[PDB]
Amino acid sequence: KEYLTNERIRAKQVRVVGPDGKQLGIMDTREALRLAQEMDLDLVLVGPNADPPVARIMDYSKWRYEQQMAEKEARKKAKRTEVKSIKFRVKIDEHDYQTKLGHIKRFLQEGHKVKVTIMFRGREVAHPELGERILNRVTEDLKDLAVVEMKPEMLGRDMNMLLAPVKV
Amino acid sequence: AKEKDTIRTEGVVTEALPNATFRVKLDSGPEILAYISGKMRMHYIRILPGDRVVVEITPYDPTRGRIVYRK
Ligand SMILES: [Mg+2]
């Protein structure tokens, strides 16, 4: 990433590579600098650890910019979809349920993987059954949209599911 | 007098409505809006859909009962 350009080259003899890939051989530092000045480009230190240090004639700022661009673009096509979590309930009912389902559908369409969780309270005798059932129902509703990933799982006071979109 | 014809029948809790009025699918047959007892209200006893509660049902019209026993 960070290279010691122009006058940060203390090294006495440097192996100079041109603007295109033309090897200008083993050169003096001063000579290299002069050459760089002539092109109106920087003399970059791309090989500090190599014998007669591998020094490149290039526009350094531009290169840096390019690198930055590369970094940035990569982190969208690497961040590249996330986990939306819906937290249902026990005695959950009609309209609200439908709304939640709709939300889930929308998320799936978007491309975001779905944690289908339920936060619980107490009276964990009834809890596993109905909770499981609701989740299963939800999955069935979206078997035309999503693949079942993490099947019914306890997290202590929670019960979580996970869905992913069919064609990504 | 106090005319006692009250049917003391058990049932699984079905649908949690407002006011703690629980539809209870009885061991007798059809579910009705059977509400919670005063005792239960006093002692602070939460029922969830998933318990086998005793509902004290009337013979005049089997549409309303009373959840007496805790689960
Ligand atoms: Mg009587």
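In the PDB header, cryo-EM is given as the technique by which the entry was determined, and 4.30 Å as its resolution.

All right, on to the interface of chain B and chain A then. Tallying the contact residues gives seven residues for chain B and seven residues for chain A. Summed over both partners, the interface of chain B with chain A buries about 580 Å², with 69% contributed by carbon and sulfur atoms. Counting the contacts that link chain B with chain A gives zero salt bridges. At the boundary of chain B and chain A, one finds one residue pair in polar contact. Of the residues that constitute the side of chain B that touches chain A, the class distribution is three nonpolar, one polar and three charged.

It is worth spelling out the environment of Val13(B) at this point. Residues and elements named next belong to chain B. Assignment of secondary structure puts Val-13 in strand β1 (residues 7-16). The spacing of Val-13 and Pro-59 is 46 residues in sequence and 20 Å in space, taken between C-alpha atoms. Here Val-13 is in contact with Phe-22, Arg-23, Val-24, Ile-47, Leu-48, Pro-49, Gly-50, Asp-51 and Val-53, once residues within four sequence places are set aside.

In this section: the packing of aromatic side chains. All names here are of chain A. If you walk through the whole model with that rule in mind, you get three aromatic pairs over all chains. Ring plane angle 40° and centroid distance 5.4 Å describe the contact between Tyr-3 and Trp-63, whose orientation is recorded as tilted. Placement of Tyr-3 in the segment before β1 (13-17) and of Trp-63 in helix α2 (residues 60-74) is noted, with a sequence separation of 60 residues between them. Classification of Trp-63 by relative accessible area gives partly exposed; the value is 24%. In textbook terms, an aromatic cluster arises when at least three aromatic residues are bridged by ring pairs, as seen for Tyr-3, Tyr-60 and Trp-63. Sitting above the plane of the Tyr-97 ring, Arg-137 keeps its charged end 3.7 Å from the centroid.

Residues and elements named next belong to chain A. It is the contact of helix α3 (residues 94-110) with helix α4 (residues 127-141), at a shortest axis distance of 11 Å, that shows an interaxial angle of 50°. Put simply, α3 runs oblique to α4. Helix-helix and strand crossings are classified by hand; for α3 and α4 the assignment is right-handed. When α3 is examined against α4, the residues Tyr-97, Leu-101 and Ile-104 are found in contact with a partner set consisting of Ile-134, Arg-137, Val-138 and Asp-141. Looking at the contact of α3 with α4 residue by residue, the class counts come to five nonpolar, no polar and two charged.

Attention now moves to a positive patch on the surface. A surface patch of positive charge is lined by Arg89(A), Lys91(A), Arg121(A) and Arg46(B). Among the secondary structure elements, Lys91(A) is positioned in the loop between β5 (83-88) and α3.

Attention shifts here to unusual backbone geometry. All names here are of chain A. At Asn-6, a residue that is not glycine, the phi angle is positive and equals roughly 60°. Examined against the element boundaries, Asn-6 turns out to sit in the segment before β1. Backbone geometry places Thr-81, a non-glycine residue, at a positive phi of 60°. For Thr-81, the position within the fold is in the loop between α2 and β5. Exposure remark for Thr-81: the relative accessible area of 29% places this residue in the partly exposed category.

Residues and elements named next belong to chain A. In this structure, β1 lies alongside strand β2 (residues 23-28), joined through four bridges in antiparallel fashion. By the bridge assignment for β2, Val-14 is matched with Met-27. Remark: five residues form the turn of the hairpin made by β1 and β2, two consecutive strands paired antiparallel; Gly-21 in that turn has positive phi of roughly 125°.

Rules used throughout
- Residues numbered from 1 in each chain as written, not as in the entry; some residues may be left out.
- Chains lettered and ligands numbered in written order.
- Part of a larger assembly, values for the part shown.
- Heavy atoms only, no water.
- Residues with missing side-chain atoms left out of burial classes, pairs and counts.
- Contact = heavy atoms within 4.5 Å.
- Buried area = accessible area lost by both parts, 1.4 Å probe.
- Salt bridge = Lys/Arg side-chain N within 4 Å of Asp/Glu carboxyl O.
- Polar contact = N/O pair within 3.5 Å; in protein donor to acceptor, adjacent residues only side chain to side chain.
- Nonpolar A, V, L, I, M, F, W, Y, C, P; charged D, E, K, R; others polar.
- Helix = DSSP H or I, 4+ residues; strand = E, 2+ residues; numbered from the N terminus.
- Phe/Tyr/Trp six-rings, centres within 6.5 Å; stacked < 30°, edge-to-face > 60°.
- Buried < 20%, exposed > 50% of the residue type's maximum accessible area, 1.4 Å probe, protein only.
- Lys NZ or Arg CZ within 6 Å of the ring centre and 35° of its normal.
- Axes fitted to C-alpha atoms, helices over the stretch in contact; angles between N-to-C directions.
- Parallel < 35°, antiparallel > 145°, perpendicular 65-115°, else oblique.
- Left-handed = near helix turned anticlockwise from the far one by under 90°.
- Patch = residues over 30% accessible without salt bridge, like charges linked within 9 Å, V, L, I, M, F, W, Y side chains within 5 Å.
- Areas by Shrake-Rupley, 256 points an atom, 1.4 Å probe, with all protein chains shown as cover.
- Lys, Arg positive; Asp, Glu negative; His and termini not counted.
- Charge placed at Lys NZ, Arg CZ, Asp CG, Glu CD.
- Pairing = 2+ DSSP bridges.

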